[PDB]
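Reviewing the structure listed below.
One-based numbering, in listed order, for ligands and for the atoms of each. Just the heavy atoms: all of them, side chains too, but no hydrogens, waters or symmetry mates, feed the values below. Nothing fancy with the numbering, it's 1 onward along the sequence.
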Amino acid sequence: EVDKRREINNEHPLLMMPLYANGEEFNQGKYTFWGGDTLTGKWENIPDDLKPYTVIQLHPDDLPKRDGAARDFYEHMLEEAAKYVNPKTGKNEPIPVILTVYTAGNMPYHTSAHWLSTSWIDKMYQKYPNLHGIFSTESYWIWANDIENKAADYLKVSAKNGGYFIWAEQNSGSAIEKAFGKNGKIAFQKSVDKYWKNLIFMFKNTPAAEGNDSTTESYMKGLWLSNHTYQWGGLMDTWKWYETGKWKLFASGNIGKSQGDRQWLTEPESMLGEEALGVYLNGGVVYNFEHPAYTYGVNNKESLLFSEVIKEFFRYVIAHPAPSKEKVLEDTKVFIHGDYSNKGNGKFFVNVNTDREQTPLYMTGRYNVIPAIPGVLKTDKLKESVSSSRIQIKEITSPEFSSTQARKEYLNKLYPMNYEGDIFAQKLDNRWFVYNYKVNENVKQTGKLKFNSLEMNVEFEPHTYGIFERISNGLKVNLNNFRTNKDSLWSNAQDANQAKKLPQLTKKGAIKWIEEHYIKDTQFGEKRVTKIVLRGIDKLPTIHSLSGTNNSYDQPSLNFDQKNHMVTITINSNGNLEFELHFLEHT
Ligand SMILES: CC(=O)N[C@H]1[C@@H](O[C@H]2[C@@H](O)[C@@H](CO)O[C@H](O)[C@@H]2O[C@@H]2O[C@@H](C)[C@@H](O)[C@@H](O)[C@@H]2O)O[C@H](CO)[C@H](O)[C@@H]1O
């Protein structure tokens with residue numbers, strides 16, 4: 001094994017920072033990115049605490065579809081990255097880079113990435129120590145005849161150089177199963193047997209109308225636990241709102257895939273954190289997002305989605321490393337072997353732990369994410385683990401998985417009920433993680449959680465998550481319900497018919513809207529109420545270390561009822577928020 005160029009694990013997670021080449025400006029002799037970020041400026045802007053855990057991911061976007069264009073652009077940017085000087089210290093500090101080398105089946109009619117040979121990639125790895133990996137993303141809809149062979153070569157050339165091959169894919173049309181050899185294309189299967197320690201496999205939740213979120217995430221987790229990938233994660237994509245035909249928040253009717261550039265702006269900001277929790281809580285450690293202009297920002301500035309949700313989430317997962325592979329294995333009661341494509345795809349989990357066919361969220365944490373691997377693979381390495389002795393490894397074709405009812409009846413005997421209420425909650429050590437799982441319905445949810453004898457009841461609006469940690473002197477609370485008002489994008493349309501017929505915002509129009517109406521002059525959402533009730537408290541708790549998004553929260557209300565040894569905490573906010581409550585339990 002060649003020394004790894006970086007660590008990627010729970011203690012060293014990875015936030016990919018995408019920069020998409022501007023092919024129109026490339027044709028005019030300029031080297032630029034859509035949205036106006038620059039490589040140096042973007043890197044400089046990344047907070048210093050995050051720099052060790054962030055890597056610039058170049059994407060060739062709409063570079064011309066001709067030999068040389070992607071190599072030219074990439075070598076230009078690799079040079080810029082290599083020569084970077086920290087202006088505070090005057091030292092050359094090469095910027096870490098990942099190159100997007102494969103997308104859309106690398107068809108010559110889809111991408112300039114077609115003209116990037118493995119020979120060239122090897123040369124780049126050898127020339128640039130700061131090239132830490134290469135990325136394949138989104139080919140499920142154009143599954144090239146040689147995709148598995150090409151993936152084997154990407155993994156091998158990465159292993160040769162100590163880099164990572166990162167593949168983001170969704171299990172549409174059995175993509176993940178095929179990747180590992182389902183239909184007889186076994187080159188990548190063979191490559192993984194040798195080089196899995198250099199592989200990162202991620203979901204890509206873009207094709208949301210096909211409903212493969214839960215099954216793809218299950219595979220990513222299972223591939224990791226069974227030593228078919230070094231780590232896993234997800235690419236979470238606001239284009240899901242387009243794919244599913246949604247429009248104005250909470251409005252009725254479906255507009256189809258008709259208003260793309262308005263639609264990718266509309267997903268509530270905090271919902272990205274709800275999606276990201278599914279990665280974190282299940283041991284994933286790699287994060288990426290689209291559309292970059294909304295999720296990261298423009299012109300070397302952080303968008304509010306980035307600053308108030310993603311940045312704070314990613315800081316959290318650095319400060320509180322995700323559960324290790326060993327820990328997740330110890331916790332796993334059921335591991336599925338077999339093809340979700342034969343058992344209804346995402347329908348497998350509907351009314352088990354997801355509330356509908358097309359959602360990136362879960363409705364209960366009772367089973368967390370049940371891990372699986374495709375039928376083509378073997379569970380030999382999983383069984384060899386010292387930590388897998390208490391796992392029931394079950395064929396997907398088992399009677400226990402034959403129906404919705406059967407799945408719950410089986411799982412419920414191995415995963416006990418551990419909270420009450422129709423809300424998402426999952427516990428890890430002394431922390432309850434909670435969110436309202438509604439996607440586009442304006443409905444509050446409630447739950448009852450316990451820390452031993454201490455009872456905590458919560459009431460959450462949609463697009464709200466919280467982390468509640470029992471600490472020696474009370475409770476640490478992190479809350480995020482950040483959701484700006486996107487109604488302006490949908491003005492002039494009083495119904496779905498009218499909305500479908502709006503003028504197209506366009507790509508350039510959406511970037512301009514971000515500049516003019518999101519980076520500045522933001523239409524913030526209204527403050528909204530979260531309630532937290534603690535039962536089993538000695539005296540009025542004290543609040544400590546209150547902070548959050550500027551201008552986004554009223555002072556929390558504490559109403560202590562001595563007779564009933566309980567406090568009701570009322571928060572009115574729209575943003576991230578953190579505080580501690582100090583108290584003793586009543587006995
Ligand atoms: C045609 C277009 O609008 N291109 C943009 C767009 O691309 C997205 C978008 O079209 C969605 C619709 O659901 O489909 C893809 O996910 C697409 O992603 C882009 O193309 C695919 C094949 C991959 O290469 C992927 O990595 C890439 O992002 O939005 C993206 C930004 O989110 C770019 O701005 C494209 O130019």
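- A cation-pi arrangement is found for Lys4 relative to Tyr230, the charged atom lying closer than 6.0 Å to the ring centre and inside a 45° cone about the ring normal.
- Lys51 forms a cation-pi arrangement with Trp43, by the criterion of a distance under 6.0 Å to the ring centre and an angle within 45° of the ring axis.
- Among all non-hydrogen protein atoms, the one lying nearest atom 17 (C) of ligand 1 is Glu138 OE1, 4.2 Å.
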What donor-acceptor contacts under 3.5 angstrom involve side-chain atoms of residues 342-354, with partners at least two apart or in another chain?
| from | atom 1 | to | atom 2 | distance (Å) |
| --- | --- | --- | --- | --- |
| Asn353 | ND2 | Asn368 | O | 3.2 |
| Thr354 | OG1 | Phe349 | O | 3.2 |
| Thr354 | OG1 | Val350 | N | 3.4 |

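- More than 12 heavy atoms of other residues, nucleotides or ligands sit less than 6.0 Å from atom CG of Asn442.
- Look at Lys83 and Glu79 and you find a salt bridge, because one of the NZ, NE, NH1 or NH2 atoms lies within 4.0 Å of a carboxylate O, short of that distance.
- What sits closest to atom 32 (O) of ligand 1 on the protein, heavy atoms only, is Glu290 OE1, 2.7 Å.
- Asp61 OD1, 2.6 Å is the protein heavy atom nearest to atom 36 (O) of ligand 1.
- Side-chain atoms of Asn288 and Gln57 include a donor-acceptor pair closer than 3.5 Å.
- Scanning the protein for heavy atoms near atom 26 (O) of ligand 1, the closest one is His59 NE2, 2.8 Å.
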Any chance you could lay out the ring pair (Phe, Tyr, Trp, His ring centres under 6.0 Å) test for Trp167 and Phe201, step after step, and finish with the verdict? CA-CA 5 Å; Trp167 192 352; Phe201 224 125; 5.0 Å; yes
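- Numbered from 1 in the order shown, with element, the atoms of ligand 1 that lie under 4.0 Å from a heavy atom of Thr137 read 26 (O).
- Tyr242 and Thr266 share no side-chain donor-acceptor pair at under 3.5 Å.
- Using a 4.0 Å cut-off between charged side-chain N and carboxylate O, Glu24 and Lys507 make no salt bridge.
- Polar contact check, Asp237 against ligand 1: no nitrogen or oxygen pair lies under 3.5 Å apart.
- Below 3.5 Å of separation, one finds an N or O of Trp239 facing an N or O of ligand 1.
- With 3.5 Å as the limit, one finds a donor-acceptor pair spanning the side chains of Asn300 and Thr38.
- Ligand 1 has a nitrogen or oxygen under 3.5 angstrom from a nitrogen or oxygen of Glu243.
- Ligand-side atoms of ligand 1 in range of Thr206: 13 (O), 16 (O), range being under 4.0 angstrom from any heavy atom.
- Close contacts of ligand 1 with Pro292, meaning ligand atoms under 4.0 Å from a residue heavy atom, involve 31 (C), 32 (O).
- Within the structure, the closest approach of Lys204 to ligand 1 falls below 4.0 Å when heavy atoms are considered.
- Inclusion of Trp141 in the set of residues having an N or O under 3.5 Å from an N or O of ligand 1 is not warranted.
- Here atom 33 (C) of ligand 1 lies nearest to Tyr20 when heavy atoms of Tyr140, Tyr20, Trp241, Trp34 are compared.
- Residue-level proximity to ligand 1 for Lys507 is carried by the side chain, the only part with a heavy atom below 4.0 angstrom.
- Under the ring-ring contact (aromatic ring centres under 6.0 Å, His included) rule, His291 has a single partner from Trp241, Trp264, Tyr296, which is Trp264.
- Atom 2 (C) of ligand 1 lies below 4.0 Å from none of the non-hydrogen atoms of the protein.
- Contact annotation for atom 9 (C) of ligand 1: protein present (non-hydrogen atoms, distance under 4.0 Å).
- Close approach of ligand 1 to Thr103 is summarised as follows: ligand atoms under 4.0 Å from at least one heavy atom of the residue are 22 (C), 23 (C), 24 (O).
- Atoms of ligand 1 lying under 4.0 Å from any heavy atom of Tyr242, numbered from 1 in the order shown and given with element: 12 (C), 13 (O).
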